[PDB]
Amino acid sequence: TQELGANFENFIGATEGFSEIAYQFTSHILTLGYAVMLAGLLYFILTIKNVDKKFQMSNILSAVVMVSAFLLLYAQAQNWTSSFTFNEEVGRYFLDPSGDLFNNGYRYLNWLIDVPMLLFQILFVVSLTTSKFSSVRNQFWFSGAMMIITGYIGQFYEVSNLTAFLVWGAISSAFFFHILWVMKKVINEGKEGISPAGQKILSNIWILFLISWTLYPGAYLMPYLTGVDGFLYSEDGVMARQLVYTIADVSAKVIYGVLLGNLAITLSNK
């Protein structure tokens, strides 16, 4: 009974350990993660004036998302490098008992904060038609919260009880699907009576949103996408997971933000 190695990162780090390659790669990707968020922060601050007053709440929410993301992805970065330490004897990086162990808490918290704000911010750029601001807002915020919370629970049982890991994953996925359903409704109403240039950008937003957000359940499941014998159940699934999460974060926060800025600007022409 391995006791030291909560989550799969730890488990691997206690038993098999991490190649130089895996350790350093994961380090660097996480660093890139928070690097980009800091660049994002400056971008959204610096360009706030490029959109009409009435859209600026979207730029604001982007900046604030960037602040949270910088701070917590930085935390996550340092958490990674501190949780694992080199052993000359075996020539790999192993879970360090004198460190704090790898904690998903940082990222998941980032999600809890950022998800409501990301979902909200589009509603300051598009107009609804038949739907009510408050209804969409409440739907987003609730489902957003539930999705992240259920997932956070699930994540605990990842080593100890896969069956629960997945059932919580599934529950979370149900909330995810509702968010997709609502966001699609929003984008369609947002398209009504704007210029075709604006409808084009909204189309791209939908696709970015759909893809980027779907990366998350991917990275969650990543280590088990090959069986318990198979190839991803390894420091490789760890590498993959942290790569996909990072890609997702950048796309769903920074790029999403950029596109909305671009949408606002076209609405700022007709």
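Just count from 1 along the sequence shown to find any residue number.
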property: Where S268 meets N269 in the shown sequence, the number of deposited residues left unmodelled; result: 1 to 3
property: Unmodelled deposited residues flanked by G5 on one side and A6 on the other; result: 1 to 3
property: Stretch with the higher entry mean CA B-factor, where the candidates are 92-100 and 69-77; result: 92-100
property: Between the two ranges 159-167 and 125-133, the one averaging a larger CA B factor in the entry; result: 159-167
property: Highest-ranked of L46, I201, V51, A35 once sorted by CA temperature factor in the record; result: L46
property: Of the residues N110, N138, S172, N87, the one carrying the largest Cα B-factor as recorded; result: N87
property: Chain-relative CA temperature factor third for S195; result: lowest
property: CA B-factor ranking of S19, expressed as a third of its chain; result: middle
property: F231 by Cα B-factor - lowest, middle or highest third of the modelled chain; result: highest
property: Entry-reported Cα temperature factor of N59, expressed as the chain third it lands in; result: lowest
property: Ranked against its chain, the third holding the CA B-factor of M222; result: middle
